file final-v8.cif (mmCIF, C-alpha atoms)
data_input
#
loop_
_atom_site.label_atom_id
_atom_site.label_comp_id
_atom_site.auth_asym_id
_atom_site.auth_seq_id
_atom_site.Cartn_x
_atom_site.Cartn_y
_atom_site.Cartn_z
CA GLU A 229 -39.02 46.11 -33.79
CA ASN A 230 -38.20 45.78 -30.06
CA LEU A 231 -38.42 42.02 -30.64
CA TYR A 232 -34.72 42.02 -31.62
CA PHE A 233 -33.83 42.70 -27.98
CA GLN A 234 -36.50 40.60 -26.25
CA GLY A 235 -35.81 37.32 -28.08
CA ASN A 236 -32.03 37.80 -27.97
CA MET A 237 -32.10 38.54 -24.24
CA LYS A 238 -34.34 35.46 -23.93
CA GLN A 239 -31.68 33.23 -25.53
CA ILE A 240 -29.19 34.78 -23.10
CA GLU A 241 -31.31 33.96 -20.04
CA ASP A 242 -32.03 30.36 -21.05
CA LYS A 243 -28.30 29.84 -21.76
CA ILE A 244 -27.23 31.35 -18.43
CA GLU A 245 -29.66 28.89 -16.80
CA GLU A 246 -27.83 26.04 -18.57
CA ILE A 247 -24.48 27.32 -17.27
CA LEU A 248 -25.93 27.12 -13.74
CA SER A 249 -27.10 23.58 -14.49
CA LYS A 250 -23.61 22.65 -15.73
CA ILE A 251 -22.02 24.32 -12.71
CA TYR A 252 -24.42 22.37 -10.47
CA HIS A 253 -23.45 18.98 -11.99
CA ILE A 254 -19.75 19.90 -11.59
CA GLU A 255 -20.11 20.83 -7.90
CA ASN A 256 -21.77 17.54 -6.95
CA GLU A 257 -18.99 15.82 -8.97
CA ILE A 258 -16.22 17.61 -7.05
CA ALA A 259 -17.74 16.93 -3.60
CA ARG A 260 -17.85 13.23 -4.58
CA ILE A 261 -14.26 13.18 -5.87
CA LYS A 262 -13.17 14.54 -2.48
CA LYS A 263 -15.27 11.85 -0.78
CA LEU A 264 -13.59 9.13 -2.84
CA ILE A 265 -10.06 10.50 -2.25
CA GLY A 266 -10.67 10.56 1.52
CA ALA A 267 -11.87 6.95 1.33
CA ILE A 268 -8.80 5.99 -0.67
CA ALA A 269 -6.44 7.70 1.86
CA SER A 270 -8.22 5.76 4.59
CA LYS A 271 -7.77 2.35 2.89
CA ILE A 272 -4.08 3.16 2.42
CA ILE A 273 -3.48 3.94 6.14
CA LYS A 274 -5.33 0.80 7.28
CA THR A 275 -3.54 -1.52 4.78
CA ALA A 276 -0.16 0.02 5.64
CA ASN A 277 -0.94 -0.56 9.32
CA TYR A 278 -2.09 -4.14 8.83
CA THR A 279 0.94 -4.92 6.61
CA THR A 280 3.42 -3.39 8.99
CA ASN A 281 2.01 -5.23 11.96
CA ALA A 282 2.49 -8.46 9.97
CA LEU A 283 6.08 -7.45 9.16
CA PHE A 284 6.80 -6.57 12.79
CA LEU A 285 5.65 -10.04 13.94
CA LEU A 286 7.48 -11.88 11.12
CA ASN A 287 10.63 -9.92 12.01
CA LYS A 288 10.47 -10.52 15.78
CA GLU A 289 9.84 -14.25 15.27
CA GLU A 290 12.62 -14.43 12.65
CA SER A 291 15.08 -12.87 15.11
CA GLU A 292 14.05 -15.34 17.82
CA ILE A 293 14.36 -18.30 15.43
CA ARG A 294 17.78 -17.06 14.29
CA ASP A 295 19.08 -16.84 17.91
CA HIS A 296 17.91 -20.45 18.35
CA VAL A 297 19.50 -21.74 15.13
CA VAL A 298 22.79 -19.95 16.04
CA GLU A 299 22.82 -21.92 19.32
CA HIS A 300 21.81 -25.19 17.63
CA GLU A 301 24.76 -24.85 15.19
CA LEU A 302 27.11 -24.32 18.15
CA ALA A 303 25.76 -27.42 19.91
CA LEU A 304 26.20 -29.39 16.69
CA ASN A 305 29.82 -28.31 16.15
CA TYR A 306 30.40 -29.38 19.77
CA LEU A 307 28.74 -32.80 19.27
CA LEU A 308 30.80 -33.09 16.08
CA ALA A 309 34.03 -31.85 17.78
CA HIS A 310 35.59 -35.26 17.12
CA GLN A 311 34.52 -35.15 13.46
CA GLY A 312 35.74 -31.69 12.36
CA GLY A 313 32.43 -29.86 12.91
CA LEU A 314 29.55 -29.09 10.52
CA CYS A 315 31.93 -27.30 8.14
CA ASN A 316 33.34 -30.83 7.71
CA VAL A 317 30.38 -33.19 8.35
CA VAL A 318 27.48 -31.81 6.21
CA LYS A 319 29.68 -30.32 3.44
CA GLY A 320 27.93 -27.64 1.34
CA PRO A 321 29.00 -25.02 -1.27
CA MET A 322 29.36 -22.54 1.62
CA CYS A 323 27.69 -24.43 4.53
CA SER A 324 29.20 -22.80 7.64
CA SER A 325 28.90 -19.08 6.74
CA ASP A 326 26.87 -16.96 9.20
CA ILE A 327 23.19 -16.06 9.13
CA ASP A 328 22.41 -12.40 8.43
CA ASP A 329 20.48 -10.58 11.15
CA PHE A 330 18.20 -8.12 9.39
CA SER A 331 15.90 -7.37 12.40
CA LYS A 332 17.13 -3.78 12.79
CA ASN A 333 16.86 -3.06 9.03
CA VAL A 334 13.31 -4.40 8.87
CA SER A 335 12.42 -2.42 12.08
CA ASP A 336 13.74 0.61 10.25
CA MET A 337 11.50 -0.11 7.25
CA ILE A 338 8.58 -0.42 9.69
CA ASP A 339 9.60 2.96 11.17
CA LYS A 340 9.60 4.58 7.70
CA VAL A 341 6.11 3.28 6.85
CA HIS A 342 4.85 4.59 10.23
CA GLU A 343 6.50 7.94 9.51
CA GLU A 344 4.78 8.08 6.10
CA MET A 345 1.36 7.42 7.62
CA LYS A 346 1.79 10.16 10.30
CA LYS A 347 1.94 12.40 7.22
CA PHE A 348 -1.64 11.60 6.17
CA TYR A 349 -2.84 13.39 9.31
CA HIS A 350 -1.58 16.79 8.24
CA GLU A 351 -1.90 17.21 4.46
CA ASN B 230 -37.02 50.86 -21.64
CA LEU B 231 -35.98 50.35 -18.01
CA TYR B 232 -37.22 46.78 -18.42
CA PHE B 233 -34.34 46.28 -20.89
CA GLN B 234 -31.63 48.05 -18.86
CA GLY B 235 -32.81 46.43 -15.61
CA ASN B 236 -32.78 42.93 -17.12
CA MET B 237 -29.31 43.58 -18.49
CA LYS B 238 -28.24 44.46 -14.94
CA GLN B 239 -29.71 41.15 -13.73
CA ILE B 240 -27.79 39.26 -16.43
CA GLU B 241 -24.49 41.02 -15.64
CA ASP B 242 -25.03 40.18 -11.96
CA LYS B 243 -25.62 36.48 -12.78
CA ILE B 244 -22.42 36.42 -14.87
CA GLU B 245 -20.62 37.83 -11.79
CA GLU B 246 -21.99 34.98 -9.62
CA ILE B 247 -21.19 32.38 -12.30
CA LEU B 248 -17.59 33.52 -12.81
CA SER B 249 -16.89 33.45 -9.07
CA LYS B 250 -18.38 29.94 -8.80
CA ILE B 251 -16.15 28.81 -11.71
CA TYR B 252 -13.12 30.29 -9.89
CA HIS B 253 -13.75 28.43 -6.61
CA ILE B 254 -14.24 25.32 -8.82
CA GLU B 255 -10.84 25.91 -10.45
CA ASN B 256 -9.33 26.38 -6.98
CA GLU B 257 -10.90 23.06 -5.88
CA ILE B 258 -9.50 21.28 -8.93
CA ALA B 259 -6.02 22.61 -8.05
CA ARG B 260 -6.29 21.33 -4.47
CA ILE B 261 -7.53 17.94 -5.73
CA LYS B 262 -4.56 17.50 -8.14
CA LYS B 263 -2.16 18.35 -5.31
CA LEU B 264 -3.75 15.69 -3.13
CA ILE B 265 -3.81 12.93 -5.78
CA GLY B 266 -0.07 13.43 -6.51
CA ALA B 267 0.80 13.51 -2.79
CA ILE B 268 -1.19 10.29 -2.40
CA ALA B 269 0.62 8.61 -5.35
CA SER B 270 3.93 9.54 -3.76
CA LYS B 271 3.03 7.94 -0.42
CA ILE B 272 1.87 4.74 -2.11
CA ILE B 273 5.27 4.44 -3.94
CA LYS B 274 7.29 5.32 -0.83
CA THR B 275 5.27 2.98 1.39
CA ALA B 276 5.42 0.17 -1.13
CA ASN B 277 9.21 0.64 -1.42
CA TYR B 278 9.86 0.36 2.34
CA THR B 279 7.48 -2.56 2.41
CA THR B 280 9.12 -4.62 -0.32
CA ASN B 281 12.55 -3.73 1.09
CA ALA B 282 11.31 -5.27 4.38
CA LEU B 283 9.95 -8.26 2.42
CA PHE B 284 13.26 -8.67 0.60
CA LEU B 285 15.27 -8.89 3.85
CA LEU B 286 12.78 -11.26 5.64
CA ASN B 287 12.82 -13.55 2.60
CA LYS B 288 16.62 -13.50 2.28
CA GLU B 289 17.25 -14.37 5.96
CA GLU B 290 14.42 -16.88 6.00
CA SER B 291 16.05 -18.81 3.15
CA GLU B 292 19.44 -18.68 4.95
CA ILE B 293 17.82 -19.84 8.21
CA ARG B 294 16.11 -22.63 6.24
CA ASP B 295 19.45 -23.77 4.71
CA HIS B 296 20.95 -24.18 8.19
CA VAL B 297 17.91 -25.95 9.69
CA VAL B 298 17.90 -28.51 6.84
CA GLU B 299 21.64 -29.17 7.47
CA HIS B 300 20.91 -29.31 11.23
CA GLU B 301 18.34 -32.04 10.64
CA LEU B 302 20.85 -34.14 8.67
CA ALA B 303 23.45 -33.63 11.43
CA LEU B 304 20.86 -34.61 14.07
CA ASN B 305 19.58 -37.61 12.08
CA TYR B 306 23.24 -38.71 12.04
CA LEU B 307 23.73 -38.30 15.80
CA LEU B 308 20.55 -40.32 16.37
CA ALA B 309 21.01 -43.09 13.75
CA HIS B 310 21.05 -45.98 16.27
CA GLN B 311 17.71 -44.82 17.70
CA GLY B 312 16.10 -44.31 14.26
CA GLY B 313 17.29 -40.78 13.43
CA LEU B 314 15.13 -37.77 14.32
CA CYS B 315 11.63 -38.95 13.34
CA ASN B 316 11.78 -41.87 15.77
CA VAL B 317 13.16 -40.06 18.86
CA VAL B 318 10.90 -36.96 18.72
CA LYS B 319 7.61 -38.70 17.75
CA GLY B 320 5.22 -36.68 15.54
CA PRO B 321 2.14 -37.16 13.28
CA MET B 322 4.20 -35.54 10.48
CA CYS B 323 7.82 -35.24 11.70
CA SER B 324 9.46 -35.86 8.31
CA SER B 325 7.48 -33.15 6.45
CA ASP B 326 10.00 -31.03 4.48
CA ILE B 327 10.42 -27.27 4.80
CA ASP B 328 9.01 -25.31 1.84
CA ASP B 329 11.30 -22.85 0.17
CA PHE B 330 9.17 -20.05 -1.11
CA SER B 331 12.07 -17.61 -1.60
CA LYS B 332 11.62 -17.38 -5.37
CA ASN B 333 7.81 -16.96 -5.14
CA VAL B 334 8.32 -14.12 -2.67
CA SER B 335 10.95 -12.52 -4.96
CA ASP B 336 8.39 -12.80 -7.84
CA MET B 337 5.88 -10.88 -5.71
CA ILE B 338 8.48 -8.18 -4.92
CA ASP B 339 9.18 -7.92 -8.70
CA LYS B 340 5.45 -7.52 -9.29
CA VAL B 341 5.16 -4.68 -6.68
CA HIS B 342 8.26 -3.06 -8.30
CA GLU B 343 6.68 -3.37 -11.77
CA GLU B 344 3.44 -1.80 -10.50
CA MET B 345 5.38 1.16 -9.06
CA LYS B 346 7.21 1.67 -12.38
CA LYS B 347 3.82 2.50 -13.92
CA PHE B 348 3.39 5.57 -11.67
CA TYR B 349 6.17 7.21 -13.68
CA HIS B 350 3.92 7.02 -16.77
CA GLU B 351 1.07 9.22 -15.47
CA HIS C 228 -26.56 56.84 -29.65
CA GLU C 229 -29.73 55.10 -28.38
CA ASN C 230 -29.22 51.90 -30.40
CA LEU C 231 -25.63 51.03 -29.48
CA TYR C 232 -26.01 51.37 -25.69
CA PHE C 233 -27.95 48.11 -26.10
CA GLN C 234 -26.23 46.20 -28.92
CA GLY C 235 -22.62 46.75 -27.74
CA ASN C 236 -23.56 45.46 -24.28
CA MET C 237 -25.36 42.38 -25.58
CA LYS C 238 -22.34 41.49 -27.70
CA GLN C 239 -19.98 41.65 -24.70
CA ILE C 240 -22.48 39.64 -22.68
CA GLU C 241 -22.55 37.00 -25.45
CA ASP C 242 -18.75 37.00 -25.86
CA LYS C 243 -18.33 36.45 -22.11
CA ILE C 244 -20.91 33.61 -22.21
CA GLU C 245 -18.69 32.19 -24.97
CA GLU C 246 -15.58 32.13 -22.73
CA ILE C 247 -17.62 30.69 -19.84
CA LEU C 248 -18.86 27.76 -21.97
CA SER C 249 -15.19 27.30 -22.84
CA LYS C 250 -13.75 27.39 -19.30
CA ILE C 251 -16.53 24.96 -18.31
CA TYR C 252 -15.59 22.63 -21.20
CA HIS C 253 -11.98 22.65 -19.98
CA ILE C 254 -13.07 21.97 -16.37
CA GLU C 255 -15.17 18.97 -17.48
CA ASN C 256 -12.08 17.65 -19.30
CA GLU C 257 -9.92 18.02 -16.15
CA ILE C 258 -12.61 16.32 -14.08
CA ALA C 259 -12.64 13.34 -16.48
CA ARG C 260 -8.85 13.00 -16.23
CA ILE C 261 -8.98 13.23 -12.42
CA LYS C 262 -11.64 10.47 -12.33
CA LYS C 263 -9.63 8.15 -14.59
CA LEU C 264 -6.51 8.88 -12.49
CA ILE C 265 -8.26 7.95 -9.20
CA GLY C 266 -9.39 4.74 -10.96
CA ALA C 267 -5.77 3.79 -11.80
CA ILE C 268 -4.59 4.63 -8.26
CA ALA C 269 -7.26 2.35 -6.77
CA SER C 270 -6.27 -0.48 -9.15
CA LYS C 271 -2.57 0.01 -8.27
CA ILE C 272 -3.45 -0.16 -4.54
CA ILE C 273 -5.46 -3.43 -4.93
CA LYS C 274 -2.75 -5.08 -7.05
CA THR C 275 0.14 -3.99 -4.78
CA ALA C 276 -1.73 -5.08 -1.62
CA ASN C 277 -2.49 -8.44 -3.30
CA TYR C 278 1.20 -9.12 -4.08
CA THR C 279 2.30 -7.92 -0.66
CA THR C 280 -0.23 -10.16 1.13
CA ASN C 281 0.81 -13.13 -0.96
CA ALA C 282 4.43 -12.52 0.06
CA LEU C 283 3.33 -12.23 3.71
CA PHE C 284 1.34 -15.41 3.40
CA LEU C 285 4.36 -17.38 2.07
CA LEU C 286 6.90 -15.87 4.48
CA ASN C 287 4.45 -16.74 7.30
CA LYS C 288 3.78 -20.35 6.26
CA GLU C 289 7.48 -21.14 5.82
CA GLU C 290 8.33 -19.30 9.05
CA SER C 291 5.82 -21.56 10.85
CA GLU C 292 7.37 -24.76 9.37
CA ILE C 293 10.93 -23.62 10.25
CA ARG C 294 9.82 -22.90 13.81
CA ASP C 295 8.20 -26.34 14.06
CA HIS C 296 11.54 -27.92 12.98
CA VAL C 297 13.63 -25.70 15.29
CA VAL C 298 11.40 -26.90 18.22
CA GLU C 299 12.06 -30.55 17.24
CA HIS C 300 15.82 -29.80 17.13
CA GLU C 301 15.66 -28.10 20.55
CA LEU C 302 14.27 -31.33 22.07
CA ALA C 303 16.73 -33.52 20.16
CA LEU C 304 19.67 -31.35 21.30
CA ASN C 305 18.28 -31.51 24.86
CA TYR C 306 18.24 -35.29 24.68
CA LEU C 307 21.79 -35.53 23.30
CA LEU C 308 23.30 -33.06 25.80
CA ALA C 309 21.09 -34.30 28.69
CA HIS C 310 23.70 -35.90 30.96
CA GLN C 311 25.63 -32.63 30.58
CA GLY C 312 22.66 -30.56 31.84
CA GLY C 313 20.65 -30.23 28.61
CA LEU C 314 21.06 -27.34 26.15
CA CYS C 315 20.44 -24.43 28.56
CA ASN C 316 23.40 -25.36 30.78
CA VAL C 317 25.94 -26.14 28.01
CA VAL C 318 25.17 -23.21 25.65
CA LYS C 319 25.05 -20.54 28.43
CA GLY C 320 22.62 -17.70 27.68
CA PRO C 321 20.92 -14.90 29.71
CA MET C 322 17.74 -16.59 28.47
CA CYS C 323 19.12 -19.31 26.12
CA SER C 324 16.40 -21.97 25.72
CA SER C 325 13.65 -19.34 25.54
CA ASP C 326 10.30 -20.32 24.01
CA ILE C 327 9.76 -19.33 20.42
CA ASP C 328 6.80 -17.04 19.71
CA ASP C 329 4.39 -18.43 17.16
CA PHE C 330 2.77 -15.50 15.46
CA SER C 331 1.37 -17.43 12.43
CA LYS C 332 -2.28 -16.91 13.46
CA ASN C 333 -1.63 -13.24 14.23
CA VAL C 334 0.02 -12.81 10.87
CA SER C 335 -2.89 -14.59 9.08
CA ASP C 336 -5.21 -12.20 10.95
CA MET C 337 -3.38 -9.23 9.34
CA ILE C 338 -3.63 -10.91 5.96
CA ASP C 339 -7.45 -11.32 6.35
CA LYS C 340 -7.82 -7.68 7.40
CA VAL C 341 -6.02 -6.43 4.25
CA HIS C 342 -8.15 -8.63 2.00
CA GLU C 343 -11.10 -7.13 3.88
CA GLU C 344 -10.07 -3.54 3.09
CA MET C 345 -9.51 -4.46 -0.55
CA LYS C 346 -12.92 -6.03 -0.78
CA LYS C 347 -14.56 -2.61 -0.21
CA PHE C 348 -13.11 -1.17 -3.41
CA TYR C 349 -15.53 -3.45 -5.19
CA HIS C 350 -18.40 -2.01 -3.15
CA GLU C 351 -18.02 1.70 -3.93
#
call {"tool": "encode", "arguments": {"input": "final-v8.cif", "output": "structure tokens"}}
result
Amino acid sequence: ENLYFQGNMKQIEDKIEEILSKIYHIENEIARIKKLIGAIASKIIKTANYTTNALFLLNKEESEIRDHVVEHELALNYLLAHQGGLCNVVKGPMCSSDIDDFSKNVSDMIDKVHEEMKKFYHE
Amino acid sequence: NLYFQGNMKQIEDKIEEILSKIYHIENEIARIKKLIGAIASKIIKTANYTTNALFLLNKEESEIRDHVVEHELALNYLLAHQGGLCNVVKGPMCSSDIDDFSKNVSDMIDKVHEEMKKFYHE
Amino acid sequence: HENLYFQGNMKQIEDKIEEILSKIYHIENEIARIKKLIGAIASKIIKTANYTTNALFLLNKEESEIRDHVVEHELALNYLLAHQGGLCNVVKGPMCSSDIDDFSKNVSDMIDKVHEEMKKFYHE
């Protein structure tokens, strides 16, 4: 007689207890997702930093090497002054055309990566 | 009688606690999606600057290489009587050629670019 | 009177418990799509770092060889222009015949360190 309020309230209480179980699972899941995202952000910063260091050193050495090759070419055109220069002695499809200096443009790409990482410290 | 009404109060209270928990959850999911997208965007932007830097190092390296190889020929000429370069400088591997990896590096840049294309499909 | 002030309530309690089980179901779906998405981001980081380090590795190796050959040439051009004061007197530079930095080991160091970060993705 009353039983049709006891048993039905019973099924309510057991089911509410499941909802708290499901909520519990979910919470632990979310705290772990946040953990993993933090750890991913961290790997990104460190890799960007390692990579950019490597680019900085490649760039600086490239610029030094270029300055040396520029001077070598001069001192070869001088030693070949009798024989029309390199443009005339080694004979390529273009041969004598200048060497691009991309040190500033690469430094600017390093700057942009560094700017992007500063961003990770605010989000 | 009051056992029924009182237990109904308890249940309604638990629903109130549950629905507020679910809300904070939904707020946490919204903050997480914001972060994952912001992260994706930094990866793409970073990777772009990076391969742009790689492109320009590789291009100039290959140009530098072209001139050095010509410079060796021009020097080997100017030193022919004394056995070219690899007799007047003396080294355990003087004559070892200079690798030209410019196409392998371009292939890598293509691969980074192809990986970043796939971000626009999620 | 007496009988509805129980039944009506229980039905709205049930119907709310219905919507809760629903909102939960939808949350669990969003969580699964977030987890997959993090998984693809991590894979895209590992792959992109791998290609970038391979490019660095090749740029570095060839840069080293070039530098070795430029050093040779510097000595050769100092032998040829010697009676005229070497290369530093003839070329005229505020530094001119400066030494060339050799950062190959420092670059390889950075390569190692990236491989090291990427290793840890296999350990989580």
call {"tool": "residues_around", "arguments": {"input": "final-v8.cif", "residues": "residue 346 (chain B)", "least_positions_apart": "5", "cutoff": "12 Å", "atoms": "all atoms listed in the file", "output": "list in words"}}
result
residues 269, 272, 273, 276, 277, 339, 340, 341 and 351 of chain B; 271 and 275 of chain C
call {"tool": "closest_residue", "arguments": {"input": "final-v8.cif", "among": "C:278, C:229, C:240, C:312", "to": "chain A", "atoms": "only C-alpha atoms"}}
result
C:240
call {"tool": "interface_residues", "arguments": {"input": "final-v8.cif", "of": "chain C", "to": "chain B", "cutoff": "9 Å", "atoms": "only C-alpha atoms", "output": "PyMOL selection string"}}
result
chain C and resi 233+236-237+240+243-244+247+250-251+254+257-258+261+264-265+268+271-272+274-276+278-279+281-283+285-286+288-290+292-293+296-297+299-300+302-304+307
call {"tool": "closest_atom_pairs", "arguments": {"input": "final-v8.cif", "of": "chain C", "to": "chain A", "cutoff": "7 Å", "atoms": "all atoms listed in the file", "output": "JSON lines"}}
result
{"residue": "C:287", "atom": "CA", "partner": "A:286", "partner_atom": "CA", "distance": 6.9}
{"residue": "C:294", "atom": "CA", "partner": "A:293", "partner_atom": "CA", "distance": 6.7}
{"residue": "C:318", "atom": "CA", "partner": "A:299", "partner_atom": "CA", "distance": 6.9}
{"residue": "C:327", "atom": "CA", "partner": "A:292", "partner_atom": "CA", "distance": 6.4}
{"residue": "C:328", "atom": "CA", "partner": "A:289", "partner_atom": "CA", "distance": 6.1}
{"residue": "C:330", "atom": "CA", "partner": "A:285", "partner_atom": "CA", "distance": 6.4}
{"residue": "C:334", "atom": "CA", "partner": "A:282", "partner_atom": "CA", "distance": 5.1}
{"residue": "C:337", "atom": "CA", "partner": "A:278", "partner_atom": "CA", "distance": 5.3}
{"residue": "C:340", "atom": "CA", "partner": "A:278", "partner_atom": "CA", "distance": 6.9}
{"residue": "C:341", "atom": "CA", "partner": "A:275", "partner_atom": "CA", "distance": 5.5}
{"residue": "C:344", "atom": "CA", "partner": "A:271", "partner_atom": "CA", "distance": 6.3}
call {"tool": "resolve_selection", "arguments": {"input": "final-v8.cif", "expression": "the PyMOL selection byres ((chain B) within 6 of (chain A))", "output": "MDAnalysis selection string"}}
result
chainID B and resid 275 278 282
call {"tool": "atom_distance", "arguments": {"input": "final-v8.cif", "atom1": "CA of residue 349 (chain A)", "atom2": "CA of residue 259 (chain C)"}}
result
27.6 Å
call {"tool": "atom_distance", "arguments": {"input": "final-v8.cif", "atom1": "CA of residue 345 (chain C)", "atom2": "CA of residue 273 (chain C)"}}
result
6.1 Å
